[PDB]
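J.: pasting an experimental structure, sequence included:
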Amino acid sequence: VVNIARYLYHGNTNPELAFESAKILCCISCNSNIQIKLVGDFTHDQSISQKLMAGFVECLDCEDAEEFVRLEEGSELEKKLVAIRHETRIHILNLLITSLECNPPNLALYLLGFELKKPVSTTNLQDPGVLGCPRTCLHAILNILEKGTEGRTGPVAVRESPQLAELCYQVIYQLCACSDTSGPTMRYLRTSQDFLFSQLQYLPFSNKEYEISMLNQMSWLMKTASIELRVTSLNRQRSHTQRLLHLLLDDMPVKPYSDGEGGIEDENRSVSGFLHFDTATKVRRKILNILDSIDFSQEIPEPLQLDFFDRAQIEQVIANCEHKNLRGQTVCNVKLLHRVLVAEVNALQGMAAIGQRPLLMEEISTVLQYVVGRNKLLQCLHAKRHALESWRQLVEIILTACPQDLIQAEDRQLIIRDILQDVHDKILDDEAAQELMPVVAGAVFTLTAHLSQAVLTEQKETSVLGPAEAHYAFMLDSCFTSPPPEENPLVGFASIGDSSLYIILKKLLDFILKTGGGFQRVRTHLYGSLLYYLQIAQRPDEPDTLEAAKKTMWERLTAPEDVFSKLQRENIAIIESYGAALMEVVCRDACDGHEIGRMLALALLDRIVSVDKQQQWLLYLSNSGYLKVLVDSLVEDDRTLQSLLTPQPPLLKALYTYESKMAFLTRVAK
Amino acid sequence: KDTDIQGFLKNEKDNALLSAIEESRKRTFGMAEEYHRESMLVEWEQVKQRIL
Amino acid sequence: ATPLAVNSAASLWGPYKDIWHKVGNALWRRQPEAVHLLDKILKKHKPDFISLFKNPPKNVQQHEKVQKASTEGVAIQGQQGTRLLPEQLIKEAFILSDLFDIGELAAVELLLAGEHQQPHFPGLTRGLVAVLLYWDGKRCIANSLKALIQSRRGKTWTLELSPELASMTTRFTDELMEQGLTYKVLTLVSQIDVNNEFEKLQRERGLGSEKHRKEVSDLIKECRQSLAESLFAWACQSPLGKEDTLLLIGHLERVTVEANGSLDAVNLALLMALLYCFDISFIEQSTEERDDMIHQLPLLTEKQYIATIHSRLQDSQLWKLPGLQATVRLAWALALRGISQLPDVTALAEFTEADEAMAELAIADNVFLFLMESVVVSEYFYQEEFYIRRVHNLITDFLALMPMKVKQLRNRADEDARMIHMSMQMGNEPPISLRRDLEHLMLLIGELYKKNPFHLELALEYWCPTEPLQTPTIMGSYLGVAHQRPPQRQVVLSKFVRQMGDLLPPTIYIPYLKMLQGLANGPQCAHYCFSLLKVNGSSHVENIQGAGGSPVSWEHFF
């Protein structure tokens, strides 16, 4: 194996020997049992080990691009040699990717430069040549993404080798997600390269050919940026947390360093535009501009039509070929499907079959092309969903792990109010892929919970200013110009009355209606979102003072309405405006839905019957009979609740659903 | 774990779902004692004038 | 905004790769933003191209500061202040200064590049890496020069480059040819030898591992090769000047073959450059650009170009390689044979009346043997297409334009064959002074078309369809091109293949089977050769006593 790996030290002079070497070593690196011994035989002889490290780096830092495989002018032999060198890089990156999820010590931790004569987490990674550090595959994987980071065009490999860039970002994700690489790596990427700032500035990536691969490049870069926001915050590294937040969240156009003495000419662009001076051109935040580049629609290839083969049998022969690839994705094995369909076009002994054989091969060609379309569709629906999951992961760390003194009580609310409205419209459109709905509702839940939590600090830290002392504070800072009118300083609390909050309520009810009854996990997140939204409209607990009890029935009828009593009226009037369709959707899922579906829909009926002042929902619940289904079922709950009185109860779920059923009944009974 | 994001961004959502149910239930059940107490006190806030 | 633009002619690698990569993006990737950098980079580095590979010279006012770099220090571009240099790097800089004859600050800025690049060469030192970077810096200049010549407008290729870019490259490289480019290139290609540079590097220990010795040995070959190919890529697109072609002849006078009998890739490129300065075959091909393609020829506008070159080729001074002189004599004899068939060119008759005499000198210097054993036997002859196209022309135009020499060669071969037959009937060895002129020509044809690394079926001029092919499987055209007549070149060549079959003597038999083997290479070439070997048999019906069918036919063989 060591003499196989020594062919990599000849990668420039015999690329066809370095190719099969890297590929054999990629096949062998799949075996987690063998990894620990390869680290032995590759490091026991340091003179050979320095040639092995050199050969793996020599294949990666080679400059040849994916362009030269497409340019029709080039020699067959040159096109072949560039493709062989590119496969040699891909098999080295696959070898590293498979090796990094094998337990330490593994071959990738050697090739990337970790101190496999210590615990891995104590590795002091450094730049090439520093203290005599060799150049390693880590400094090569960085060089591949570093080329072009000065440029207005962004990184070179994102354009000129997009499959190489996708795999390079995956190795950097594995080096940051595993516990004992993360400490050494998340130091090094900042101390010497600033890498997460110098790459995130170029999001989103854009070419119409490589959409799947760019969504995966962006998926891995959002998944490393995720970990650094959490790591910097937990280590209280405020300036680096804040600098990564600004790069994602500011409504500001990031200007490159604007040194002097260049500009003019481009006066060609269509004079007709000179009257569309569109002030709608808001500087939309970087994290929303990444949600824009995540498409939610999908091309579905047309249903197969056939004159010779039964489609009801071909769909089963396709299913019998839908194996899992090295990314865990289900995809049809086009080479197995072709072998099987050609075997039947050999088994058809007939006068007739041997005249039809051309048309049978021609219909095999349309079946195989449709199955290549099915394989694109499954990989695109993966990439869109993996990117949306990576984006959701980044948003939720900004909310759950970054300090509250890095995003304030109003801008944190505006960011969540805007993100909710953008996340809703891309799933309220009817071309939107249903595979995204479990990620979208799973995001809308965390967003509505954090909107509710932000108002539920704002209410309480505003609840400090006594209206008696401010009159002295205003009496010093004696500036002297033009007076304003008598306007009242009560501003931020008025935002609890936005049209944005009423739009977010509608868009959430619209998505509750649109989510079909099989999407039970989507509906449990959306009923959770509507409970957290209906906590924004919650009056707090007031103290039973012997002085609040003096406020007369006149003061209790001639005070102005508080914003929560207003917001409750306008939110129940919005809920009423969906009527019997929303009433069926909630009452049926309260009777009949999932374990957690019933539990949440009953808590939602408890919250709606806490604001209904017309009894419309009670009159629906009675005349539909659902108020009796939620009562006759107590004699079936009981049999489950008896089992929860055993010393070790199997699942507390049925108690928690009974407690929300009995809460709903104990709301109705008032 | 701690570089582990998906265990964390699962568990705090199961926690948040239970918490959204919990204050609905416990605010409605506290509002059961208080409703008997106010009703007891309001029928008594009839009876003492039937007396007087 | 000053002063800092003063050191920027000392770093012997970084600026040259900065040119080469940006020439690559502007030309081979056609990138438009790179054109607005290329103009400014070419205007900046024109002095560097005007003196190819020339060192910045030694200077006491650098020497002081390098010797004092441990106490007074040195200011370096990109670094704010003075770096203190260790005694080691100071002494390494004086070693590289006297090893390459480079200025003392250029040895420091090269060692600082060698120090930064050292981790990429694990097991080398910044000094051994500085030896690589000094030859890769020269390679970046030579490959940039070759690409800036290949991107000229000219008569052999057009790389789709914009009319502005293709006139920027042309003009900028004319503004190097003004400057005596050919003299500078031939001076470097005759001063750069791997053995002399390895003697320098072995003494002062600038040779590292067996890989480093391979790397330095090949970087020095790329420095010879892209320099010689710069004159080839010039000559193909636009011919060399009068004194330049005399300097190129003046170099080729002095060449020797490698220890196998072949030219090296470098003197092969210089031979092929001189051969393209003598191509005229496009004037039997182009009709509408024709007269501006004619004004662009010193062979038609300079009576002095012909008067000096014809004189130095009719000269009785033998070159180191008589077969190389023979190859250039054949190309000149055929250039005169093109010129003697252009209408008004009466003004050159005093040179073109020598055409069959310059051809007899090329035949007498044994041209076809040297074309086989010293040119076509080289592995480098089958690594470039315009080499193959030019040696195709050099044989097809001999067969087409000099068919009276082709007849003189057969008149000889059918009589030296009688001398060989009479010696063997007398029991005596064939006399050593018989001449193989047609045997060498037929073996050359048999060893040439024998490989086709670019699929071109060029042997199709030696074929001619007697029967129409009926391949029914292409459905993509409606232009009914009615019955074109085969061209006169093909009608003489496909006649030559047949008329060297006429009454074959036993000496020419094996040369003819090899000539047919080379000409049978390719799918159509094989089908037309199969059809010849079939027609050569299909005549002997009933007459089963008159033994006289073709000994080059299928039926005779089976």
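T.: Thanks, I have it. Residues are numbered from 1 along each chain as shown, chains lettered A, B, ... in the order given.
J.: check which helix or strand covers residue A:444.
T.: Assigned by DSSP states H and E, residue A:444 belongs to helix A:437-461.
J.: tell me the residue of chain B that sits nearest chain C?
T.: Closest to chain C within chain B is residue B:3: 29.3 Å, counting by Cβ to the nearest Cβ. C-beta here means a position set from N, CA and C on the backbone, and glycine is covered the same way.
J.: who's in contact with that residue?
T.: Counting by Cβ atoms under 8 Å, 6 or more residues apart in numbering or on different chains, residue B:3 makes contact with A:176, A:177, A:178, A:179, A:182, A:227.
J.: now a PyMOL select for only the buried ones of those residues.
T.: Applying 16 or more other Cβ atoms under 10 Å in any protein chain shown to these, the buried members can be selected in PyMOL as follows:
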select buried, chain A and resi 176+177+178+182+227
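J.: just the contacts of residue B:3 that are near chain B?
T.: A:176, A:177, A:178, A:179, A:182, A:227 (Cβ under 8 Å from any Cβ of the partner chain).
J.: quick one: the most centrally placed residue in chain B and chain A, what's the gap?
T.: With distances taken as Cα atoms, centre = their mean, chain B has residue B:27 as the residue nearest its mean C-alpha position (1.4 Å). Note on residue B:27: its distance to chain A, by Cβ to the nearest Cβ, to the nearest Å, is 9 Å.
J.: in terms of helices and strands, where is that residue?
T.: Residue B:27 belongs to helix B:8-51, assigned by DSSP H and E.
J.: rewinding a little: measure how the helix holding residue A:444 sits relative to helix B:8-51, angle-wise.
T.: Helix A:437-461 runs at 50 degrees relative to helix B:8-51, counting by axes from the mean of the first three to the mean of the last three Cα atoms, to 10 degrees.
J.: which helix runs longest in the chain?
T.: Reading this off chain A. Among the segments of chain A that qualify as a helix by DSSP state H, the longest is helix A:353-400.
J.: wrong one, I was asking about chain C
T.: Per DSSP H, chain C has its longest helix at helix C:210-237.
J.: of all the residues in that one, which ones are buried?
T.: For helix C:210-237, the neighbour count (16+ other Cβ under 10 Å) marks C:211-212, C:215-216, C:219-237 as buried.
J.: mind giving me the packing neighbours of that helix?
T.: With contacts taken as 3 or more Cβ pairs under 8 Å, 6 or more residues apart in numbering or on different chains; DSSP states H and E, helix C:210-237 sits against helix C:126-150, helix C:181-191, helix C:194-203, helix C:265-276.
J.: tell me if the first one is near chain A.
T.: No - contact check for helix C:126-150 against chain A, using Cβ under 8 Å from any Cβ: none in range, with a minimum separation of 9.6 Å.
J.: so who does the closest residue in space to residue C:340 that isn't next to it in sequence touch?
T.: Among residues not flanking residue C:340 along the chain, residue C:352 sits closest, at 4.0 Å (Cβ to Cβ, 6 or more residues apart in numbering or on different chains). Going by Cβ under 8 Å, 6+ apart, residue C:352 touches C:336, C:337, C:339, C:340, C:345.
J.: if you set the cut-off to 7 Å instead, what comes out?
T.: Under the criterion of Cβ atoms under 7 Å, 6 or more residues apart in numbering or on different chains, the neighbours of residue C:352 are C:336, C:339, C:340.
J.: from residue C:275, how far off is the second one?
T.: For residue C:339, the distance to residue C:275 (Cβ to Cβ, to the nearest Å) stands at 16 Å.
J.: these two - which one has more neighbours?
T.: Per other Cβ atoms under 10 Å in any protein chain shown, whichever of residue C:339 and residue C:275 has more neighbours is residue C:275, with 24 against 20.
J.: so the more buried one makes contact with residue C:331?
T.: Yes - contact criterion Cβ atoms under 7 Å: residue C:275 and residue C:331 qualify, at 5.3 Å.
J.: dump the helices and strands packed on helix C:210-237 to CSV, plus distance to residue A:143.
T.: Listed next are these as CSV, based on distance: least, Cβ to Cβ, whole Å:
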stretch, distance to residue A:143
helix C:126-150, 17
helix C:181-191, 33
helix C:194-203, 29
helix C:265-276, 32
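J.: quick check: closest non-adjacent residue to the residue of chain B closest to chain C.
T.: Going by Cβ to Cβ, 6+ apart, residue B:3 has residue A:182 as its nearest residue, at 4.8 Å.
J.: check whether that neighbour really touches residue A:172, as I assumed.
T.: No - the criterion here is Cβ under 7 Å, and residue A:182 misses it with residue A:172 at 11.2 Å.
J.: show me what residue of the stretch 351-500 of chain C gets nearest to chain B.
T.: For the stretch 351-500 of chain C, Cβ to the nearest Cβ, closest residue to chain B: residue C:383, 53.5 Å.
J.: about what we covered before: nearest to chain A, out of the contacts of residue C:352: which one, please.
T.: residue C:339 (34.2 Å).
J.: that closest one and residue A:470, how far apart?
T.: In terms of Cβ to Cβ, residue C:339 sits 105 Å off from residue A:470.
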